[PDB]
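Protein chains: 4
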Amino acid sequence: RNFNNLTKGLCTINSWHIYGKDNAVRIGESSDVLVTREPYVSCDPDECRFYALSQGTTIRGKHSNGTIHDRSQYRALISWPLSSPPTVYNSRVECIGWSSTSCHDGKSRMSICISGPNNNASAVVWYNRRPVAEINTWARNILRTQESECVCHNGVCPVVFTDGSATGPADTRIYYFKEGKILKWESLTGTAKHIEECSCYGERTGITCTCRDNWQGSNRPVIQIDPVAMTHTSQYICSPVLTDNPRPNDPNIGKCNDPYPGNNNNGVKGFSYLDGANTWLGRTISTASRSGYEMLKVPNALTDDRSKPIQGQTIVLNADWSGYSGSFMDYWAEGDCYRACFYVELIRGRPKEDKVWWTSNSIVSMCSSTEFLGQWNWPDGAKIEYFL
Amino acid sequence: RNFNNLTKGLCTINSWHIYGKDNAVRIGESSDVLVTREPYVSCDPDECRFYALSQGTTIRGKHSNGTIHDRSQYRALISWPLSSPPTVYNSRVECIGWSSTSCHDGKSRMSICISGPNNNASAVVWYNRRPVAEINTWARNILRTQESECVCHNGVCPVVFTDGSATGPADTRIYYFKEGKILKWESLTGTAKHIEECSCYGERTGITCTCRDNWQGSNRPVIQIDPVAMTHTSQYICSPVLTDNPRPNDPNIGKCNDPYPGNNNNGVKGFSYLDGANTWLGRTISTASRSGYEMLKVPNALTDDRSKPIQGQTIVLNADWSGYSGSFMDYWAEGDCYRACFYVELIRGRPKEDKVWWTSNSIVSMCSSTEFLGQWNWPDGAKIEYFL
Amino acid sequence: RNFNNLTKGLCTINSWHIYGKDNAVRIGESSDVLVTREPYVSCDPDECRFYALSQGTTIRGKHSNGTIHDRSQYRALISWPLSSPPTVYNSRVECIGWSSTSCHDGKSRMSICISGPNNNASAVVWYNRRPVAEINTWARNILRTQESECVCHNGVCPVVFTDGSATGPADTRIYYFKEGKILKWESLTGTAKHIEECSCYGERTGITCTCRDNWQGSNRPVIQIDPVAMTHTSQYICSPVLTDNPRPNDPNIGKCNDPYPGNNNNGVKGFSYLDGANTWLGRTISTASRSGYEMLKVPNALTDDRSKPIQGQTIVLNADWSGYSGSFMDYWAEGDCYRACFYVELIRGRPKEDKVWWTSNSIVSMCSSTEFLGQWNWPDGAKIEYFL
Amino acid sequence: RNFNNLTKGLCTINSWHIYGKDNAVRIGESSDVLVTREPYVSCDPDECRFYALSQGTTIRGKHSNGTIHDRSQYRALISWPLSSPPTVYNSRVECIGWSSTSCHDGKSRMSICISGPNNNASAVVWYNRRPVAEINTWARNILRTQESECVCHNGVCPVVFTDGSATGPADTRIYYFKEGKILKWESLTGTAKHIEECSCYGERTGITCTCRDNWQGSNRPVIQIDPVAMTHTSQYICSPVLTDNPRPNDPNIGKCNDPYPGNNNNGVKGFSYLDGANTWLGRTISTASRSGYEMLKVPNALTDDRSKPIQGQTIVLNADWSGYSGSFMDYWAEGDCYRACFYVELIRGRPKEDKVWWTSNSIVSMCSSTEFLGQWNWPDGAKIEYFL
Ligand SMILES: *[C@@H]1O[C@H](CO)[C@@H](O[C@@H]2O[C@H](CO)[C@@H](O[C@@H]3O[C@H](CO[C@H]4O[C@H](CO[C@H]5O[C@H](CO)[C@@H](O)[C@H](O)[C@@H]5O)[C@@H](O)[C@H](O[C@H]5O[C@H](CO)[C@@H](O)[C@H](O)[C@@H]5O)[C@@H]4O)[C@@H](O)[C@H](O[C@H]4O[C@H](CO)[C@@H](O)[C@H](O)[C@@H]4O[C@H]4O[C@H](CO)[C@@H](O)[C@H](O)[C@@H]4O[C@H]4O[C@H](CO)[C@@H](O)[C@H](O)[C@@H]4O)[C@@H]3O)[C@H](O)[C@H]2NC(C)=O)[C@H](O)[C@H]1NC(C)=O
Ligand SMILES: *[C@@H]1O[C@H](CO)[C@@H](O[C@@H]2O[C@H](CO)[C@@H](O[C@@H]3O[C@H](CO[C@H]4O[C@H](CO[C@H]5O[C@H](CO)[C@@H](O)[C@H](O)[C@@H]5O)[C@@H](O)[C@H](O[C@H]5O[C@H](CO)[C@@H](O)[C@H](O)[C@@H]5O)[C@@H]4O)[C@@H](O)[C@H](O[C@H]4O[C@H](CO)[C@@H](O)[C@H](O)[C@@H]4O[C@H]4O[C@H](CO)[C@@H](O)[C@H](O)[C@@H]4O[C@H]4O[C@H](CO)[C@@H](O)[C@H](O)[C@@H]4O)[C@@H]3O)[C@H](O)[C@H]2NC(C)=O)[C@H](O)[C@H]1NC(C)=O
Ligand SMILES: *[C@@H]1O[C@H](CO)[C@@H](O[C@@H]2O[C@H](CO)[C@@H](O[C@@H]3O[C@H](CO[C@H]4O[C@H](CO[C@H]5O[C@H](CO)[C@@H](O)[C@H](O)[C@@H]5O)[C@@H](O)[C@H](O[C@H]5O[C@H](CO)[C@@H](O)[C@H](O)[C@@H]5O)[C@@H]4O)[C@@H](O)[C@H](O[C@H]4O[C@H](CO)[C@@H](O)[C@H](O)[C@@H]4O[C@H]4O[C@H](CO)[C@@H](O)[C@H](O)[C@@H]4O[C@H]4O[C@H](CO)[C@@H](O)[C@H](O)[C@@H]4O)[C@@H]3O)[C@H](O)[C@H]2NC(C)=O)[C@H](O)[C@H]1NC(C)=O
Ligand SMILES: *[C@@H]1O[C@H](CO)[C@@H](O[C@@H]2O[C@H](CO)[C@@H](O[C@@H]3O[C@H](CO[C@H]4O[C@H](CO[C@H]5O[C@H](CO)[C@@H](O)[C@H](O)[C@@H]5O)[C@@H](O)[C@H](O[C@H]5O[C@H](CO)[C@@H](O)[C@H](O)[C@@H]5O)[C@@H]4O)[C@@H](O)[C@H](O[C@H]4O[C@H](CO)[C@@H](O)[C@H](O)[C@@H]4O[C@H]4O[C@H](CO)[C@@H](O)[C@H](O)[C@@H]4O[C@H]4O[C@H](CO)[C@@H](O)[C@H](O)[C@@H]4O)[C@@H]3O)[C@H](O)[C@H]2NC(C)=O)[C@H](O)[C@H]1NC(C)=O
Ligand SMILES: *[C@@H]1O[C@H](CO)[C@@H](O)[C@H](O)[C@H]1NC(C)=O
Ligand SMILES: *[C@@H]1O[C@H](CO)[C@@H](O)[C@H](O)[C@H]1NC(C)=O
Ligand SMILES: *[C@@H]1O[C@H](CO)[C@@H](O)[C@H](O)[C@H]1NC(C)=O
Ligand SMILES: *[C@@H]1O[C@H](CO)[C@@H](O)[C@H](O)[C@H]1NC(C)=O
Ligand SMILES: [Ca+2]
Ligand SMILES: [Ca+2]
Ligand SMILES: [Ca+2]
Ligand SMILES: [Ca+2]
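Chains as they are written, first to last, in the deposited numbering: chain A, 83 to 470; chain B, 83 to 470; chain C, 83 to 470; chain D, 83 to 470.
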């Protein structure tokens, strides 16, 4: 087969339809379902699969105790069939680590996992299910990457890494891989002041990443990558529709080239589709915590610092817990346009539900429709009392 | 490969032989078997599989409590190997929703799932395991479809939808899909007064659907579809051998173009094979509840309002619980005729068995034989006391 | 590919080596392992698999209670990978019934399952995983077949059926199938007086079956089938080395054309390889019950009514429970000869171990070696006390 | 496809990166994970898999009691996907026995399992998942082999066997197989005085095996095999960096042609990569017991009896239990050199942790990097108290 080429634009987004949902915590109440977090979705040319970081234990297992913690030797990037739960028996390990990304270039899949202590972490780059390249920490402070899928064009797969402080200036790099080999890396340029957990998608040979400013910003940084020239720029989403969490209330003027102030040293992985009048932003409904999720249609959100929503769709009720969210698309689907998709991590357990001693999640996933479809709300659906 | 063409007639039906049985509730007593309902069977060119709507929980799981309810965000159309039970580890999710149909056109499979609140539901049409088209509710009252397999001819797959009241005039539409794309839809025509949960099969390029009148009728509506012209007609089975449930006792004159009165606002999904002198009708044995199941040979049942049985076969004893039933055939089998097949849903739990708090089912399935085979009876076989 | 042709002779048998063992009862103590009995082994051109009749429940499941009973609606022929246990999640259902046979003809597999009440049973013949032909009971008294693999030559697969009394003259038929279709059947001829549960193998275009006389004989009946002419003969193993169970002690003169007397109305499925000086007989060690298993080299056992052993190999200690045993070979292996193989069913539970309320088994399997290998003994290995 | 040819040299080893980890004991606390020991890793041309000897029971199963014992009829060589745990439902049995080796020659896999009583054991050689050759015990004292992967060149796969005393002179043989057939065997020659559990790898058509002297030596014997000439030599690692366990403290002069004294009648399976200045040795950190694991870069360790480490990497902390370790490589990976890999068995349970009555293990695996990567430590990670 051939390397995928990013030759299409986004389909017109008029609403979102249900794509996938695994009900993992519900099923895991009485099945051998692995404890996970930081999930995402990624497509092969012939299959789409759920991905996540396992904690090396099942939910009902006693080793689920303490799984609020993010980094350990027992974590691994796993994948499993669309909308099935991540079970011990159906999960495929991609690589070992506690921070990851993965994407198919059209011929084979590249997966990257970072492991190690906070001051000595390293990334291993897998291609065609074999280790090919390794990257040592350059700032010795939790080398970390996207936690959702990367995107490839003509064999070149850009990946965003950060190494350094989570609460101040850090060392962000953009690596360009081909068949797992490092073609090039570059230090972050542009006006984005802090970069974490980028969510990316590709269309008419450009790759757009929406990231998390964990330092001073509650507006989201954007990295725009040219995979042919292997260069990039960065800024913030200009819109006063703020989409980090926690965050201040929406003002009437946003910030294009600096963090919007109000909330320090926190954030959540999120995403957006920036496409002129076809622009949709995702965010938690609550400004205080990771609960609820909504999509908002905000024309020219990227460049217009006065832009407001003209349409929306609730995905998860404010009464229900959400979590990380990110973008993916089926680049191998039929048609003349790419259908925008996304997932929302539905975190259950600690810290918000501390009657149990574990932290896990389930997945809900949506794709865009050209129809104006009716909306439902999609909770995790598990009852904590059952786990007591 | 090629689109299947409906070029054969039905094989002569002289009896029925066992085809499949999954014993799901028996096995689920101590295995991770998903709670389901509304099952069916559908064939690929190289495999036949069981299908059903999962409830997003196992039987022994505590989330099985309350699964009598038909619609929730935790349901999904799943498929699994013939005669195996629907387990967490062997079930493949086709799409997310609480009403479905699915069929293979010879090249790829189309699956349709409806999800949403009762007043804002939508259908998503999957083809080759990718979402392709979406249909919003047109009557804002539980958009719903067949709950058994559709049938394709030369790539065109007709599907019957209903939106609107379950106890009065509703808005029924027949959609015609090809590779998941909508070619055409039409409002229901003919003399059928209410349409639910159609069971369909195809033979010498015609498709026949036997449905459920949930309004005033205890005779079954029939929709006859021309997949080439993409048109249809409708009436009722003329025979006084009534096959809905609940139902009045069999009279000596049936009704061809209007509901046979006696039982309002109820019914059950059922099926028939209408083939002149080779006509067989399925029905519950009880006239009051979903218990027992029998096949009855009723010559020209479709057109003769005096027709009575001349042969029969008991499938499930009246002492045992049945449920939904529907038609399917292996359109890719060897031979010069299509072998008529059907399944019977064996519902266990609520409402009839309320010592448990769940509702699930197992599956039994039969195919026709040209031999006059001896009959057995095929119960679910689980003992409720074991679940207490 | 092509139909297999029986062009090779048996390899010289100088000892037996371990081939497969699933430890099903051991593992089933704390895993979802299906209750089975009547197991066997059969090879595809690219894989060899274990086969058995499931009871539609796991061992730890409460529905395991009462599984001593042979016939029910919840039984099915299942297959699963060599030496793995028969689990809910890895078992493939071949067909539904309580008596079976199965074999690959080189192109596709034929499987036959019999189901029904004792007075109205029927066989369904599956080919390429589709139902093709059906056979109704002809004597209305538990239609039953081999319970081990059949053998094919040039597409023709002979199968031995019995219908009628288990304790007197019955109606035995030999059917000849091709691609699941009935070419021919014939009533049993020759001097065998009663036929049950034939174990068969093929070599230089002839098929040899060793069966069970359940009426008056403790010597085993033999059916020799010509799959080209589609004819057969029958007699008994002439050797005074008696191999049924229960049985009298070995005399010095056997019987070629009549039952050897001593034990009425009982027996066990067994096998032999009849090959002149390369002849090996299998039997339980105990003359009273299904315990122990040994192979004995008995030159010209088939034709010499004075023949005694000159070599042997213990497979299962007399202290351990055995059960049914049968023949199979990998007809698609490399080399100029067929390697003789066999399995022994290791029955655990009732009636011999009635502290538990279930009956199940595990499998041990051996193949011949041209070496004179050391012998071990191969028990089931489960401790009943663990199940209490 | 073609036979693999050993045409490449080793990649430069500057550090080790995480390759695989299954967390089997952690997951097995509440999942159907098989009890194992003596694990290893071996690659097919299209997949790499974990291997081990099952004990025919799960960890939580009551039959786990007593699994400290090495040899029984319930053991089997199993394989399962990389970094998944060995479960009842995902494990593939290669052959039956309690001592094994396995390797892919480029076309098909050869697996060898030894079974039997201590005085009558036999090896069965499987090729392309079929039994092909058998070897009877020649010294009648626990015939045993490598317990890690063999290596093939141009279809010829050498395997090291030992039969005889574990505490004195034994009968070691090197067998040369092709497609499972015995080409040749030879008695051990050279200056190695005792040989057990060889760990092998291949590079520029030579095969190097690092073994265990269980008699008088705490330095490791090395067998160097020419797979073309089908001949071999043997000696000890000359370096005073002793790598058996238990062992004396490191002296300043090692021994090339005789055991280094201090510890009798014990040892552990281990490995090394002997490659001039690119030489790395593995060993337990403790000199007294199987705890901890480290890699040490020891230039010309094989030939220089004064050689000391100049670099190292800790794999497992001394505080954590280790066990057997061995070599493997992906001979089918891209690039101009073979990437050195190894696994470490992480033994949990008895004898060191006798609060539980079982003995099992998990696996950690590393591969070499040309980068100087930061190091982590990789414990099994299970808490014994959870199993009480
Ligand atoms: C069946 O399903 C269908 C399909 O899903 C359902 O229909 C959907 O219904 C939902 C809910 O109502 C809609 O979502 C909302 O959309 C509005 C935007 O639409 C309105 O505004 C448009 C823009 O108007 C402005 O510009 C135009 C210029 O052209 C001008 O004409 C106009 O006067 C005004 O100047 C209008 O165009 C639009 O009209 C159109 O659509 C109507 C249908 O909705 C139709 O009737 C009309 O004829 C016309 O066609 C419409 O008036 C979003 O504003 C809204 O999002 C806000 O509100 C939700 C709460 O509901 C909140 O969570 C959001 O975050 C957001 O509110 C926050 O952000 C604002 C921006 O900063 C801020 O100003 C707010 O104060 C608020 O801020 C606070 O909360 C946030 C969040 O916690 C916090 O961060 C802040 O700090 C602060 O605390 C919804 O997304 C769908 O659009 C609609 N879809 C369709 C296809 O119709 C249908 O209801 C279902 N049926 C049933 C029976 O259930
Ligand atoms: C081994 O297995 C074999 C194979 O399975 C077993 O053989 C099978 O046995 C079963 C059970 O007996 C049979 O099923 C029944 O079939 C009859 C129909 O067959 C009879 O009627 C035929 C038609 O006769 C009429 O027309 C001809 C014109 O040509 C005329 O000659 C005749 O005088 C009459 O006018 C006859 O042709 C037929 O004879 C043939 O077959 C005989 C074998 O059966 C053979 O001996 C003959 O020589 C000849 O070859 C035979 O007489 C069905 O009527 C019947 O279905 C009714 O009864 C069951 C209860 O058993 C019920 O559940 C059904 O719903 C139905 O009854 C309801 O509906 C009627 C129509 O509305 C109504 O009139 C009834 O009052 C009743 O209504 C009530 O109940 C329903 C249900 O709850 C409710 O909804 C209503 O409101 C109301 O309350 C059976 O299906 C198989 O046909 C037969 N198969 C074969 C191949 O033989 C064999 O028994 C097994 N062996 C052993 C040892 O077990
Ligand atoms: C490592 O592993 C190896 C390989 O497995 C082990 O070696 C094996 O050891 C076993 C056990 O000893 C052997 O099995 C037995 O074989 C004998 C047959 O071999 C003997 O007889 C041969 C025939 O001799 C006759 O004919 C020749 C004519 O040529 C004539 O010369 C001779 O005088 C006599 O007339 C001999 O050729 C043979 O010698 C050869 O082999 C020797 C090694 O064994 C070797 O030393 C010699 O040099 C020569 O090479 C040998 O003498 C079987 O008879 C026997 O089977 C009977 O006994 C067992 C009990 O052990 C029983 O279960 C069987 O059912 C059977 O006994 C019943 O049936 C008889 C026939 O009806 C009847 O007469 C008996 O009374 C008895 O009947 C009772 O019990 C049954 C069962 O319950 C019941 O139904 C009846 O009603 C009644 O109650 C064994 O199968 C293997 O052959 C041997 N293999 C090899 C390759 O060596 C080795 O031991 C292991 N090492 C260690 C350390 O453990
Ligand atoms: C982030 O990760 C990185 C990457 O992993 C971490 O960096 C790693 O750090 C570890 C730990 O320090 C290092 O492992 C040790 O390596 C040393 C060898 O390196 C030293 O020695 C080299 C050789 O020097 C000699 O020769 C040269 C001739 O050229 C001569 O110049 C010199 O004077 C001397 O004569 C030096 O070249 C080397 O310097 C280089 O590297 C430095 C970085 O380390 C750098 O700063 C320099 O500039 C230069 O580039 C360095 O000095 C091993 O010796 C050591 O292994 C011993 O010690 C461990 C305990 O730590 C023990 O377990 C080992 O078994 C071994 O000690 C036993 O064996 C000896 C030999 O028999 C014996 O003499 C000992 O007494 C001891 O014996 C006892 O214990 C054993 C075991 O129980 C028992 O069997 C005996 O009987 C007895 O009881 C370590 O392996 C890595 O090399 C290093 N990697 C890299 C790439 O830097 C970094 O730390 C991490 N960062 C953070 C913040 O955590
Ligand atoms: C989890 O571990 C903590 C110790 O850190 C303990 O206090 C708590 O009881 C544990 N919870 C359970 C459910 O075992
Ligand atoms: C099921 O839920 C109901 C609450 O709606 C509760 O009363 C009942 O006890 C529950 N049953 C079980 C078995 O937990
Ligand atoms: C099995 O069923 C019988 C009733 O036939 C009952 O007496 C016995 O206690 C049951 N055994 C178990 C273990 O439930
Ligand atoms: C394991 O078996 C021994 C008998 O050898 C027994 O004493 C011990 O209690 C058993 N342990 C468990 C946990 O059953
Ligand atoms: Ca922030
Ligand atoms: Ca009705
Ligand atoms: Ca008998
Ligand atoms: Ca030693």
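Think of the CB as a built atom: it goes at the ideal place given N, C-alpha and C, for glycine as much as any other residue.
1) Indicate the three-state DSSP secondary structure (helix, strand or coil) for residue 474/C in the structure shown.
2) Along the chain, where does the beta strand (DSSP E) containing residue 294/A start, and where does it finish?
3) Using C-beta distances below 8 Å, list every residue in its chain close to residue 458/C, excluding the 5 sequence neighbours before and after it, in chain order.
4) Beta-carbon within less than 6 Å of residue 365/A's beta-carbon, same chain only, minus the 5 sequence neighbours each way: which residues are those?
5) Excluding the 5 residues flanking residue 272/D on each side, which residues of the same chain have their C-beta closer than 7 Å to its C-beta?
6) Tell me where the alpha helix (DSSP H) around residue 108/C begins and ends.
7) I need the straight-line Cα distance from residue 399/A to residue 120/A, nearest angstrom please.
8) Can you list the residues of chain B that residue 187/C reaches, using a CB-CB cut of under 7 Å?
9) Cutting at 6 Å between CB atoms, please list the residues of its own chain near residue 420/B, excluding the five before and the five after it.
10) Tell me, which residues are paired with residue 313/C by DSSP?
11) Alpha carbon to alpha carbon, what distance is there between residue 452/D and residue 196/A?
12) Give the secondary structure of residue 375/A by DSSP, where H, G and I count as helix, E and B as strand, and everything else as coil.
13) Do the CB positions of residue 268/B and residue 351/B come within less than 7 Å of each other?
14) Going by other Cβ atoms of all chains shown within 10 Å of its Cβ, with 16 needed for buried, is residue 443/D buried or exposed?
Straight from the coordinates:
1) Within the shown structure, residues of chain C are numbered from 83 to 470, placing residue 474/C beyond reach of any answer.
2) For this step, residue 294/A is matched to residue 212 along the first sequence. Where residue 294/A is concerned, the enclosing beta strand (DSSP E) stretches over 288-294.
3) Numbered from its first residue, the third sequence carries residue 458/C at position 376. Answer for residue 458/C: 100, listed in chain order.
4) On the first sequence, residue 365/A is found 283 positions in, with the first residue counted as 1. Correct list, in chain order: 325.
5) Taking the first residue of the fourth sequence as 1, we reach residue 272/D at position 190. Non-local beta-carbon contacts of residue 272/D in its own chain, meaning distances under 7 Å to residues more than five positions away in sequence, involve 315, 316 and 317 in chain order.
6) For the purposes of this step, residue 108/C is identified with residue 26 of the third sequence, where counting begins at 1. Counting along the chain, the alpha helix (DSSP H) containing residue 108/C begins and ends at 106-110.
7) One-based indexing of the first sequence puts residue 399/A at position 317. One-based indexing of the first sequence puts residue 120/A at position 38. Computed Cα separation, rounded: 20 Å.
8) Counted from its first residue, the third sequence places residue 187/C at position 105. Residues of chain B passing the Cβ test: none, with the nearest at roughly 15 Å.
9) Against the second sequence, residue 420/B aligns to sequence position 338. 90, 92, 285 and 411.
10) Working through the third sequence from its first residue, we reach residue 313/C at position 231. Under DSSP, residue 313/C shares a beta bridge with 308/C.
11) Within the first sequence, the letter at position 114 stands for residue 196/A. Within the fourth sequence, the letter at position 370 stands for residue 452/D. If I take the Cα positions, the gap works out to 17 Å.
12) The residue given as residue 375/A occupies position 293 in the first sequence. Of the three classes helix, strand and coil, the one that applies to residue 375/A here is strand, per DSSP.
13) Numbered from 1 along the second sequence, position 186 holds the residue referred to as residue 268/B. Numbered from 1 along the second sequence, position 269 holds the residue referred to as residue 351/B. With respect to residue 351/B, residue 268/B sits apart: the two C-beta atoms are not nearer than 7 Å.
14) Taking the fourth sequence and counting its residues from 1, the one referred to as residue 443/D is at position 361. By the 10 Å Cβ count, residue 443/D comes out buried.
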